[PDB]
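Each remark here refers to the structure printed beneath this line.
Throughout, read-outs are computed from the coordinates displayed, never taken from laboratory work. All Cβ positions, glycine included, derive from the backbone under ideal geometry; neighbour counts span all protein chains shown.
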Ligand SMILES: [Mn+2]
Ligand SMILES: [Mn+2]
Ligand SMILES: [Mn+2]
Ligand SMILES: [Mn+2]
Ligand SMILES: [Mn+2]
């Protein structure tokens, strides 16, 4: 092995400017980091700067440096979709032709009709809403009618809420599995169906810990599958395991926040493993991108950057750190959807004694997967070109 351990960090939605095909997606003008840097009157990310973020692209407060710690470039998405599952699946060696869909005005009548026809239950709600709003609104109606509350959100999800004392948990799960089958349909293709059981009384409804998720498996066997099958460690941190529906994962560490995510990354640096440690930092997307909150997004980026020197201190000569993103989600952009953007790539190891250089632009996210596979001597993915020997 050239590297014993690879630490891959996805800063979820942290895009570095409109992609060549951004017009197809209604994403002309998008620029996640650049618009944030503008809003902040200069982002303070000195450690990402030291790695070479500004060498990729200069932005307010993010300048190029003469001797970046590692190698740097950006990546272009080849898959059709700009959603989380597409980006992550591509990163780990796949190509996804069929995009996952999001439903801001609610789900189509035809899908809901087929769900009614299969379940014998009425559907109410059908709108993007918080777990608090639809419950407050329609929780009482649900209790009195045995109807299902269907709701969505800014991401590719279909949520089914029902009171545990009105619809038994087992029945809610059966219903969600049916919905999961019906949404394996390109017209209605959602990343995840979510059971949202709740208890309580009107004006005091609470969601229970009995949530279950029904995800689609990646459309192909990934570099993670191949690592796991060759007896390497694949440690998933945060949403990573759910994103791949557990495929190729040997250990999964739950996280509650970006800072918690960084703590778990630090924990894996303390572990004697051989293989991949894979972190998703989701707050960027979930709390700030979709809520179009450039200030919160800016602060979160600064909070993340401040954690980095501890990571640098723990990396060994035969460790590689890879930092990237899975799409954009520009918080100064119309609507609530992701943005089709290039993503940054930084590749750093303490063994890089002379610092890094510019890498050729990565023409697919799968170049990461290809690099990982070549490093560990496993079957190369069908998609992606390794940059391992460029390092
Ligand atoms: Mn757009
Ligand atoms: Mn994402
Ligand atoms: Mn998202
Ligand atoms: Mn169908
Ligand atoms: Mn610790």
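Return the whole-Å distance between the Cα centroid of the range 125-181 and the Cα centroid of the range 351-391.
44 Å
Out of the DSSP beta bridges found with both residues in the chain, what percent are antiparallel (nearest 5)?
In the chain, DSSP labels about 40 percent of beta bridges as antiparallel.
Using the Cα atoms of the range 136-294 to build a convex hull, what is its mean projected area in square nanometres?
Answer in nm², one decimal: 11.7.
Working out 0.36 nm times the residue gap between residue 266 and residue 217, then minus their Cα-Cα distance, what length gain in nm do you get to one decimal?
Full extension of this stretch gives 14.8 nm more.
Evaluate 2.2 N^0.38 Å with N set to the residue count of the range 1-139, then give the Cα radius of gyration divided by it.
In units of the 2.2 N^0.38 Å rule of thumb, it is 1.46.
Treat the count of other C-beta atoms within 10 Å as a stand-in for reagent exposure and order 376, 273 from fewest to most.
273, 376
Would you mind telling me which residue in 82, 239, 122 has the biggest mean-square fluctuation in a Gaussian network model of the chain, where springs connect alpha carbons within a distance under 10 angstrom?
Looking only at 82, 239, 122, the largest GNM fluctuation is found for 122.
Could you order the peptides 379-387, 240-248 from most to least packed, using the average number of other C-beta atoms within 10 Å per residue? Let's see the in-between values first.
Values: 379-387: 18.6, 240-248: 21.0.
Highest mean packing first, the order is 240-248, 379-387.
Of 51, 346, 138, which is the most mobile in a GNM of the chain whose springs link Cα atoms less than 10 angstrom apart?
138
Just order 91-104, 315-328 by mean Cβ neighbour count inside 10 Å, highest at the front, would you?
315-328, 91-104
Report, to the nearest 10°, how far helix 109-119 tilts away from the longest principal axis of the Cα atoms in the chain, using its own Cα long axis and a range of 0 to 90°.
Tilt of helix 109-119: around 70 degrees.
Just for the range 24-178, what percent of DSSP beta bridges are antiparallel, to the closest 5? Show your work: numbers first, answer last.
Numbers: 4 of 9 bridges.
So the antiparallel bridges in the range 24-178 amount to around 45 percent.
For the peptides 194-201, 209-216, what is the packing order when you average, over each peptide's residues, the other Cβ atoms within 10 Å and list the highest mean first? Walk me through the intermediate numbers first.
Working: 194-201: 18.5, 209-216: 14.8.
Highest-to-lowest ranking by the protection proxy: 194-201, 209-216.
Using alpha carbons only, how many angstrom separate the centre of the range 184-215 from the centre of the range 40-106?
30 Å
Can you tell which of 311, 223, 49 shows the greatest fluctuation in a Gaussian network model of the chain with Cα springs below 10 Å?
Of 311, 223, 49, the most mobile in the Gaussian network model is 311.
Counting DSSP beta bridges with both partners in the range 98-216, what percentage is antiparallel, nearest 5?
Looking only at bridges with both residues in the range 98-216, the antiparallel portion is about 50 percent.
I want to check the label-to-label distance for residue 127 and residue 303. Put each point 7 Å from Cα in the C-beta direction and report it in nm to one decimal.
3.0 nm
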